[PDB]
Amino acid sequence: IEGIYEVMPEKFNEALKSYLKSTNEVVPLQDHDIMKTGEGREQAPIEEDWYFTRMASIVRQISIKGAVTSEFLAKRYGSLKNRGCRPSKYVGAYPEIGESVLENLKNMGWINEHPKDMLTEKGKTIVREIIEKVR
Amino acid sequence: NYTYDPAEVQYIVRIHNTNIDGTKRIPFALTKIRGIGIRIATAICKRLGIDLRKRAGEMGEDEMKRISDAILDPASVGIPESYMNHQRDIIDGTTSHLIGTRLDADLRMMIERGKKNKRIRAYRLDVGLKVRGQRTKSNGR
Amino acid sequence: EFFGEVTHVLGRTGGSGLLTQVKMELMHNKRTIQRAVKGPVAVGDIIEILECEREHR
Amino acid sequence: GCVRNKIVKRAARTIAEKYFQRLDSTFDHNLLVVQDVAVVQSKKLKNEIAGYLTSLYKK
Amino acid sequence: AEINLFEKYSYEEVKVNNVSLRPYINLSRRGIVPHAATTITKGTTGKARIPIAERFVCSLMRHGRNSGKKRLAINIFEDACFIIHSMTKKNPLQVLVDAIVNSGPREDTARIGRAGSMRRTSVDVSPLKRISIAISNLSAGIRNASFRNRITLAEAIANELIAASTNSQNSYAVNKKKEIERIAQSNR
Amino acid sequence: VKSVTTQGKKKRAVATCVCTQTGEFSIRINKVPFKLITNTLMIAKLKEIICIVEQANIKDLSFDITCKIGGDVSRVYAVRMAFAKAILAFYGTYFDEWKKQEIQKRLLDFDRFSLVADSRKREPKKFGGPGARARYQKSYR
Amino acid sequence: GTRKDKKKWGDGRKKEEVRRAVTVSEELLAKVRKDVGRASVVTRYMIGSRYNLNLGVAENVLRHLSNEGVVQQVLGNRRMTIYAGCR
Amino acid sequence: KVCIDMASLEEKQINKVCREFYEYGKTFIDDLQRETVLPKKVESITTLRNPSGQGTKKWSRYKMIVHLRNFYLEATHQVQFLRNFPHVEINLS
RNA sequence: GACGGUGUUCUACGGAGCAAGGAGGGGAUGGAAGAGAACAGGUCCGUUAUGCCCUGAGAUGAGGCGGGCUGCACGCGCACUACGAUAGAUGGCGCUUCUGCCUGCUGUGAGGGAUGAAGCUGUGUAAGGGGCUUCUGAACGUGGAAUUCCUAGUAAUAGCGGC
């Protein structure tokens, strides 16, 4: 959409993060308190509710590009792997975290199907409420 | 500092016959045991319900009695099966998580059971030679 | 301390071309004087001293 | 390393002896002449025959 | 529309009290950050076209685990100039020029003879060499004081300048200059 | 509609600046206004040009800059040049051009390479060593 | 033919310090409050050395008596924070 | 719609064929006596000079540069004096 | 069509330094190239290049299957990863871009990551060689005499292509 570049991207993430927790419709992974978010990591996320700050990270940029696939998401949340007595390399996130957020949004009726535009009017109307609140 | 930090702490703590340091945070302090790293110790302290941000020295007997029993079998607190260091044993077939004094007794039986059948990997592993594909001509002296 | 402005560059004569002979001209009372310096000196430069009693050549 | 070889010096003296009164004391003029008179190919060679001539002229 | 080197500190009233080092300390090229890619600083006479606050920053990206970190050295200088300001009440750009002056020697000792006539002579030092030795002693006392201690690099920079601009005997830069000068006058 | 366009390049970065004329001052690098920019080098290198050519000479322009390829410090030096050689191309056509000739003198005493392009170029690599000048380590015995 | 000088003649880890305090008692917290209010620059390192306490605890002492006390933050990075006392 | 395409390895004999066909097609059905000049194509290989393992080890890279021009002139039955050139690789589609 | 051309300071009239103007400045940059001699330098394991000797059916020829070239008391040459706060961990921002930037925890063996255990998997006729998950967690506290490479978009740091 337009106007999503005018708001500070760290306050948008906190403005529909607390909004998502107050609907009780999202269901996290099979277990998200025990796993580390990728193969190039060593320890689990320090925060307790990374799964909601991680979903609103995907919903900001589902509205910039307009269509997200389950391979760009793994490729965008990677890290540097420590390979010991060798030099390090770049690996992406688990392909399982990125698709479980593309179905929570679908069941709530936000992203439709489309490969060139993934948002319904109920999604565009909701996102436009957070833009106008954190000017 | 009204309530940010405590006023007095115990300097020593005894769990599973090892003296935990009582001035560190909880998930780090349990790594003095042998069999507990920082990646499974912080999972037990999250299913139980312990506060991650609290020194181990300041704990009642209720907590130290709970988590000292969760460490025996972690499959009862609810951690998956792919997290234990000893799955699907070759002698009976049951998964478990050996800890402390039961670690060094487990491989010491492997080396002995393998010499009766005169294996080769159990003769090299007994006198300290490299058992995986490494080349022993310039390194390892 | 004293001063002086280099006005002639005689030559570079060190153990391994390190020092460079020079001809200073004291300013509180005009007096030419020879002297050996260590850094990359040019003409017109003004060096310091802390005693002006040697000529080196 | 700005020395001029013999083929480029030996040529500028042949030019300063035959077409001498056609030359004056600016680079942009003497270059126009050596394009008229000589027949070389390299554009770097005329640029140096013309630059050596303007020094010969004011000498 | 005047330029202050971090939007707070002015370049006038930064008078260099000396007279031989004045044409060699460049407070002339101003900017609101000590970062300027140029070509006019190459050459045998381009050593006097580097700003003075840039000579001191690029002395800190050493020991090649830190090669080429110039933005991280510029960040650590914003904070050291805050401590120098609120603590001593004077211009932080003007106490760095007083340290370079009170920490560069004025005479050294050289060799002449060959193995039987090895003779410690005495020489003076031209200005441009007197600044390469000042900058290198200030930064080598800042790297020692931070290696394995619990102190931060921006506080190890502040203590080293507020002590060298007063000749306080707590500075690694000034105690190291007084051996050079005392020794260099005993061989004479 | 009054508009111009310019180009800046530093190493292999390339930027463009479209300069219209509305009645308010503004900047927008890559669609982000000039208040949420986080590059503190992009704010210090781009607001010492607004002090070397005074503010009053630009009160009613709005620049839109772009830069999509290259490193990080190089990208600044490309935005910084398309923005400076657009305050002149504007004063050449729609303003007093004797007012374009003196601020062009004020920008050149500051630095010649905020209007012209640096020509320094990366050197190739030669065999027998890891770079252009360095060689591999020799051994004498 | 024999490693005889490649062996390192060194020492045993030149002596260490005592562990630093991790508890803050009330009487010393009121001593930190004694002279921390007439200072120009106070960092978490200047505090953790006069009283010998872990530098992660030395800042919670400053955050606490910054809410109602005399100090107040004047700048903060991820690698430093300074508290200027309000005399 | 005629479309003449050229390609060859040496260039001092591709310019001749693109100038000798300049005049024998001037006074004909077509006009616009010009030929586009695309950017060349390159193929590289790098190898060792030493035919065994002795000496200093020395490398050398070879190139196969290929020039190519284009022609676009619509006519109707206007040739075989194009097929009489030794090195240029004529193409007529 | 950039020539030390113009000005300037020295010259043996061969040329050299420093300035301005300039998209480019002092062999415009980096390469490629490189007479005629020498060495008993290297290659017969590169070649249906080659003299002489050797070998000839239970062949010193041609195939197929297993083993080895990877064995390990010890001496040496080139490298990769480290010995920490100018840092490590975890998140956010940049995308078909990048090797960066901001950051709640750690105040010190949470630095380092060798060696070995149990369980899951890819290529292939054949693999405890190659990857992944939990555990184990060495030596190492910036290195003796000696010694190598380097003059600017270079040295050093962090990486991506191809063969």
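Every heavy atom of this structure was used, including side-chain atoms; hydrogens, water molecules and symmetry mates were not. Letters go in sequence order (proteins before strands), and every chain restarts at 1.
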Take atom [atom1] in [N] and the same atom in [M], then report the distance between them in whole Å.
{"N": "I:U133", "M": "I:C65", "atom1": "P", "answer": "39 Å"}
{"N": "I:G67", "M": "I:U47", "atom1": "P", "answer": "29 Å"}
{"N": "I:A114", "M": "I:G129", "atom1": "P", "answer": "16 Å"}

Syn or anti conformation of [N], syn meaning chi within 90° of 0:
{"N": "I:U47", "result": "syn"}
{"N": "I:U48", "result": "syn"}
{"N": "I:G107", "result": "syn"}

By nearest nucleotide on RNA chain I, pick out whichever of B:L103 and G:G56 is the more 5' one.
G:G56

Please figure out whether F:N39 or G:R19 has its closest RNA chain I nucleotide nearer the 5' end.
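Whichever sits nearer the 5' end wins; that is F:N39.
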
Where do N or O atoms of nucleotides 41-46 of chain I meet protein N or O atoms at under 3.5 Å, pair by pair?
{"residue": "I:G41", "atom": "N2", "partner": "H:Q54", "partner atom": "OE1", "Å": "2.8"}

Would B:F28 count as stacking on I:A110 if stacking means ring centres less than 5.5 angstrom apart and planes tilted under 30 degrees?
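Yes.
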
Is it true that [X] and [Y] make a salt bridge, defined as a side-chain N closer than 4.0 Å to a carboxylate O?
{"X": "A:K75", "Y": "A:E71", "result": "no"}
{"X": "F:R133", "Y": "F:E123", "result": "yes"}
{"X": "F:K11", "Y": "F:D118", "result": "no"}

Closest to the [X] side chain, choosing from [options]:
{"X": "F:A132", "options": "I:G119, I:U154, I:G77", "answer": "I:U154"}
{"X": "G:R44", "options": "I:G107, I:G141, I:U148", "answer": "I:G107"}
{"X": "E:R71", "options": "I:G100, I:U133, I:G1", "answer": "I:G100"}
{"X": "A:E10", "options": "I:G116, I:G75, I:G92", "answer": "I:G92"}
{"X": "B:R135", "options": "I:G131, I:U70, I:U90", "answer": "I:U70"}
{"X": "G:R20", "options": "I:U86, I:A20, I:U108", "answer": "I:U108"}
{"X": "B:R141", "options": "I:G31, I:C74, I:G1", "answer": "I:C74"}
{"X": "G:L55", "options": "I:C102, I:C132, I:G107", "answer": "I:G107"}
{"X": "B:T136", "options": "I:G5, I:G71, I:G159", "answer": "I:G71"}
{"X": "B:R119", "options": "I:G5, I:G128, I:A85", "answer": "I:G128"}

Go through A:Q43 and B:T42 one step at a time and tell me if the side chain to side chain donor-acceptor pair (under 3.5 Å) criterion holds.
CA-CA 9 Å; A:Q43 316 178 27; B:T42 178; over 6 Å; no

Does [X] reach the side chain of [Y], with side-chain heavy atoms less than 4.5 Å apart?
{"X": "B:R39", "Y": "B:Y83", "answer": "yes"}
{"X": "F:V14", "Y": "F:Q7", "answer": "yes"}
{"X": "A:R60", "Y": "A:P9", "answer": "yes"}

May I ask you to classify the sugar pucker of [N] as north or south from its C1'-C2'-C3'-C4' sign?
{"N": "I:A127", "answer": "south"}
{"N": "I:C44", "answer": "south"}
{"N": "I:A152", "answer": "south"}
{"N": "I:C10", "answer": "north"}
{"N": "I:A59", "answer": "south"}

Indicate the atoms forming the closest heavy-atom contact of [X] with [Y], along with that distance.
{"X": "G:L55", "Y": "G:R44", "result": "O-CD, 3.5 Å"}
{"X": "E:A145", "Y": "E:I151", "result": "O-CG2, 3.3 Å"}
{"X": "B:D104", "Y": "B:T101", "result": "OD1-O, 2.7 Å"}

Atom pairs, protein N/O to nucleotides 150-153 of chain I N/O, distance under 3.5 Å:
{"residue": "I:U151", "atom": "OP1", "partner": "F:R133", "partner atom": "NH1", "Å": "3.4"}
{"residue": "I:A152", "atom": "OP1", "partner": "F:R133", "partner atom": "NH1", "Å": "3.4"}
{"residue": "I:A152", "atom": "OP1", "partner": "F:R133", "partner atom": "NH2", "Å": "3.1"}

Taking atom types as modelled, find out whether D:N47 and D:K44 have a side-chain donor-acceptor pair closer than 3.5 angstrom.
no

Walk me through it: do A:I97 and A:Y77 pass the test side-chain contact (heavy atoms from CB on, under 4.5 Å)?
CA-CA 10 Å; A:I97 298 184; A:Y77 296 108; over 6 Å; no

Six-ring centre of G:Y51, G:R20 cation under 6.0 angstrom, axis tolerance 45°:
no

Please determine whether I:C98 and I:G61 constitute a Watson-Crick or G-U wobble pair, defined by two donor-acceptor distances each under 3.5 Å.
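Between I:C98 and I:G61 there is no Watson-Crick or G-U pair with both distances under 3.5 Å.
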
So, are I:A118 and I:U133 a pair, meaning Watson-Crick or G-U wobble with each of the two distances under 3.5 Å?
yes

Using a cut-off of strictly less than 4.0 Å, decide whether F:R112 has a side-chain nitrogen or oxygen near OP1 or OP2 of I:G21.
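Affirmative; the distance criterion is met.
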
Using atom names, set out every protein N or O paired with an N or O of nucleotides 13-18 of chain I below 3.5 Å, distance rounded to 0.1 Å.
{"residue": "I:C13", "atom": "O2", "partner": "D:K59", "partner atom": "NZ", "Å": "3.4"}
{"residue": "I:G14", "atom": "OP2", "partner": "D:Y52", "partner atom": "OH", "Å": "3.2"}
{"residue": "I:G15", "atom": "OP1", "partner": "D:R4", "partner atom": "N", "Å": "3.4"}
{"residue": "I:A16", "atom": "OP1", "partner": "D:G1", "partner atom": "N", "Å": "3.1"}
{"residue": "I:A16", "atom": "OP1", "partner": "D:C2", "partner atom": "N", "Å": "3.3"}

In the strands shown, is I:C150 matched to any nucleotide by a Watson-Crick or G-U wobble pair with both distances under 3.5 Å, and which?
none

Base-pairing assignment for I:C78 (Watson-Crick or G-U wobble, both under 3.5 Å):
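By the stated definition (distances under 3.5 Å), nothing pairs with I:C78.
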
